[PDB]
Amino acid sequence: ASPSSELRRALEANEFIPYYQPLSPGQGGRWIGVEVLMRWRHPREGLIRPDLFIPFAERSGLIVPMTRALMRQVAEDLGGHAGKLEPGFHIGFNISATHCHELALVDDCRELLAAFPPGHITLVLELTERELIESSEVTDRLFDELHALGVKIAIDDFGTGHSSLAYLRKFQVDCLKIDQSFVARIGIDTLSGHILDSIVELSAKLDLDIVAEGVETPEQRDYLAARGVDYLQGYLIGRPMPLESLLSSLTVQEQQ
């Protein structure tokens, strides 16, 4: 057996599929977006989560084609249900570092946005703070074109890496996403009370939006709301879910 072969097989069989984790406002209300999370519906093993296959996919050279397939499926899934999404609804994708050195990303973003009415969604690209993009004239160009499309850049896993204020201006960052490890420490450890505050301060200084991830408890939610966190994501709000479940919930909220 070849793992690379098997990934190419899975991709050709459209086995990489999107799950959707909702984002809600800091002060509560109806959902304001989703993060798209890849899953592998494997014929024999069931639904495999991405920490089990994305690293291999990155090594193999297949992550870009896999991401493109995911963005195309999301357009197919949600592009015909714009009426269920309040204008400005965020749709976020995790982008691998290789994809950021490829001007093709601009075309993939354009294509996704074309599946919805103009300005109706906000496309967000999430770049992990753990792997800081090495800038070049290509990245300069790419991020300028993405910004001109109206795409937003989020830095996720935030607080776990070592980005600088200069890097945040360089890649035109719109949003920080606080890693779930910091949220998990609310009401338990002082140091991360300080780390979490320090991220909030950085975001107010640079006028960035903040999403807090891993929000599992009301304690956590209230703590984050009291510090002006814009958006919350976590099992308290909603686990990642298949399309049918997302549509069911959106219909309910559309109704209220």
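Numbers for residues come from their place in the sequence shown, where the first is 1.
For the segment pair 158-166 and 87-95, the entry gives 158-166 the higher mean B-factor, averaged over Cα atoms. Per the PDB record, of the two stretches 72-80 and 182-190, 182-190 carries the greater mean B-factor over its C-alpha atoms.
As recorded in the PDB entry, 197 shows the highest C-alpha B-factor of the residues 51, 35, 216, 197. Per the PDB record, 132 has a higher Cα B-factor than any other of 106, 132, 153, 148. In the deposited entry, the Cα temperature factor of residue 177 places it in the lowest third of its chain's modelled residues.
The PDB entry assigns residue 232 a C-alpha temperature factor belonging to the lowest third of its chain's modelled residues.
Compared with the other modelled residues of the chain, the Cα B-factor recorded for residue 17 ranks in the middle third. In this PDB entry, the Cα temperature factor of residue 202 sits in the top third of its chain's modelled residues, the highest group.
In this PDB entry, the Cα temperature factor of residue 39 sits in the bottom third of its chain's modelled residues, the lowest group.
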